[PDB]
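Student: before the rest arrives, take these chain(s) from the complex:
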Amino acid sequence: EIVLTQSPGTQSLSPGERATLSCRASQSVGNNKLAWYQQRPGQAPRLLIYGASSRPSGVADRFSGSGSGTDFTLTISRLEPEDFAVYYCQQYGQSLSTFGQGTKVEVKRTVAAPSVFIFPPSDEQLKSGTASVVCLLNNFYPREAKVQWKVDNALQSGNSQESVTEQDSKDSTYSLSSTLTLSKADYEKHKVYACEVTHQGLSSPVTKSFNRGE
Amino acid sequence: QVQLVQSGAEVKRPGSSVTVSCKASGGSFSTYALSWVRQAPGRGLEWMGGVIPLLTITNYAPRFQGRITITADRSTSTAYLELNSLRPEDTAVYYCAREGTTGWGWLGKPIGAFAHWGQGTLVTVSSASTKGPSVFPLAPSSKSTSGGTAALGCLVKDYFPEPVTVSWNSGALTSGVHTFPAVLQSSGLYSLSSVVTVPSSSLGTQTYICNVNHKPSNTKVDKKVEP
């Protein structure tokens, strides 16, 4: 039951750069039947290399694979815009085939502080008995970002969910949303709602807030 | 030219069974290995099993033995995947993939690796009932009426199942638009928001509308967002 290990799970690289991805197998991969796939968001996987080093027709030559036994490597001589995606390695050396967890290659670019916005719940929602407060971190880099919710300066935990977009194809930044969900009754119990953001691009944390019904 | 076309999206209740199809065309069917790979939302690829049509030689991953049945009809160049006793954990996009062939052409010696893939079939496993979302505005801040950028949006909450599509001004506005990945709430319903940044000087002159479409419920909503 061959376990494939791909690490790092993520690498940040500049365009035109060279990239080398690792894939370790618990045991020897039969007949070096190791393959690499590329998968872009919203798209099906695409075969890049098979047989540990054979590149199928229709695949640019900047893609090269190597290794044997239990150690294998995929190399991209120069990262073109379309090469930034997730890469998976699979072994088919035995009847029970397996995949690695994948390595994601993002575009490393200059630091960009997020522009922060906070939105109160709409009156149209409150009427249904629920209050969603939304915090938006717009176009920032790097990925790492800490968003803290504070209601009447009391730290919140467990009642918010966030989602991040895929790296923008044009400016290579990320955007994030944090949604604090409360019952209408709970929402009515406090005055000041604030969102506090910490990020490499910010010298000091940024806070955006509003007074309920104000 | 090998093209694989899979059946449409499915929505099943836990414990039920589902059958997804894969019709191949543009090559020979019988002598080439065809596998089924799945991918849960935001997760990695998982090989489930495969079949060689000629003698219906199946190969199942131990983890699915008993719940999975893969068939293939040589008369219609169609392979099938049947998964029983569904569980929410089986929610995923299921792909069928056929191994490639040496060098040029497609009648060369098989290579084992998956070179051809279907478009994928989203199978959702939940107890929730089909529901169109409610759309709430994310009103642009009054704190930024002049000078800089302004942000406005739409909160698309409580719908099922996936997917839902969002546009702005019937698709005329696309720059600075961000539609976030839906989150599956404990209620069994999905939620997401779509935001867009525009010049604040444009708040007093340009109307902004988010068009939300949820085909699964034949729902369409156009909501105007303003200060």
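Tutor: Received the coordinates, thanks. Residues are numbered from 1 along each chain as shown, chains lettered A, B, ... in the order given.
Student: show me what contacts the closest residue in space to residue B:52 that isn't next to it in sequence?
Tutor: In this structure, residue B:52 finds its nearest non-sequential neighbour in residue B:33, 5.5 Å apart by CB to CB, 6 or more residues apart in numbering or on different chains. No exception for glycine: its C-beta is placed from N, CA and C like everyone else's. Going by CB atoms under 8 Å, 6 or more residues apart in numbering or on different chains, residue B:33 touches B:50, B:51, B:52, B:98, B:99, B:110, B:112.
Student: find the closest residue to chain A in chain B.
Tutor: Residue nearest to chain A within chain B: residue B:113 (3.4 Å; CB to the nearest CB).
Student: center of chain B - which residue?
Tutor: Centroid-nearest residue in chain B, with CA atoms, centre = their mean: residue B:122, separated by 4.9 Å.
Student: quick check: beta-bridge partners of that residue?
Tutor: Beta-bridge pairing for residue B:122 (DSSP bridges): residue B:93.
Student: how is chain B carved up into domains?
Tutor: B:1-123, B:124-227 (curated CATH domains).
Student: no, scratch that, I was asking about chain A
Tutor: According to curated CATH domains, the ranges for chain A are A:1-109, A:110-212.
Student: may I see the ones you listed organised as TSV, with distance to chain B added?
Tutor: TSV is the format used below for the domains of chain A (distance: least, CB to the nearest CB, whole Å):
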stretch	distance to chain B
domain A:1-109	3
domain A:110-212	4
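Student: right, and the ones you listed - which one's nearest residue B:25?
Tutor: domain A:1-109 (16.8 Å; CB to CB).
Student: another chain to add, chain C:
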Amino acid sequence: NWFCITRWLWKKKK
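Tutor: Alright, chain C goes in next:
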């Protein structure tokens, strides 16, 4: 190995 069968079938015919 199941992933070898089409190779062997192809060779047996080729």
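Student: once more on the contacts of residue B:33, with chain C this time?
Tutor: Residue B:33 makes contact with B:50, B:51, B:52, B:98, B:99, B:110, B:112, C:2, C:3, C:5, C:6, according to CB under 8 Å, 6+ apart.
Student: and the first one, how many neighbours does it have?
Tutor: Read that as residue B:50. By other CB atoms under 10 Å in any protein chain shown, the residues close to residue B:50 number 29.
Student: next one: it from residue B:64, what distance?
Tutor: 12 Å (CB to CB, to the nearest Å).
Student: and the second one, by the same measure?
Tutor: Applying CB to CB, the value for residue B:51 to residue B:64 is 13 Å.
Student: kindly report the same for the last one.
Tutor: Computed with CB to CB, the distance linking residue C:6 and residue B:64 is 22 Å.
Student: then residue A:3?
Tutor: 18 Å.
Student: so which of these two has more stuff around it?
Tutor: residue B:64 (18 against 12).
Student: wait, doesn't the more buried one sit right on residue B:49?
Tutor: Yes. With contact defined as CB atoms under 8 Å, residue B:64 counts as touching residue B:49 (6.3 Å).
Student: who's in contact with residue 7?
Tutor: Let's take chain A. Per CB under 8 Å, 6+ apart, neighbours of residue A:7: A:22, A:24, A:103.
Student: if you could check chain C rather than the one you did, that'd help
Tutor: Neighbours of residue C:7 in contact, by CB under 8 Å, 6+ apart: B:109, B:110, B:112.
Student: reformat those as JSON lines; add secondary structure, distance to residue A:174 and neighbour count.
Tutor: Output for the contacts of residue C:7, formatted as JSON lines (DSSP: H, G, I helix; E, B strand; the rest coil; distance: CB to CB, whole Å; neighbours: other CB atoms under 10 Å in any protein chain shown):
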{"residue": "B:109", "secondary structure": "coil", "distance to residue A:174": "44", "neighbour count": "15"}
{"residue": "B:110", "secondary structure": "strand", "distance to residue A:174": "41", "neighbour count": "23"}
{"residue": "B:112", "secondary structure": "strand", "distance to residue A:174": "37", "neighbour count": "26"}
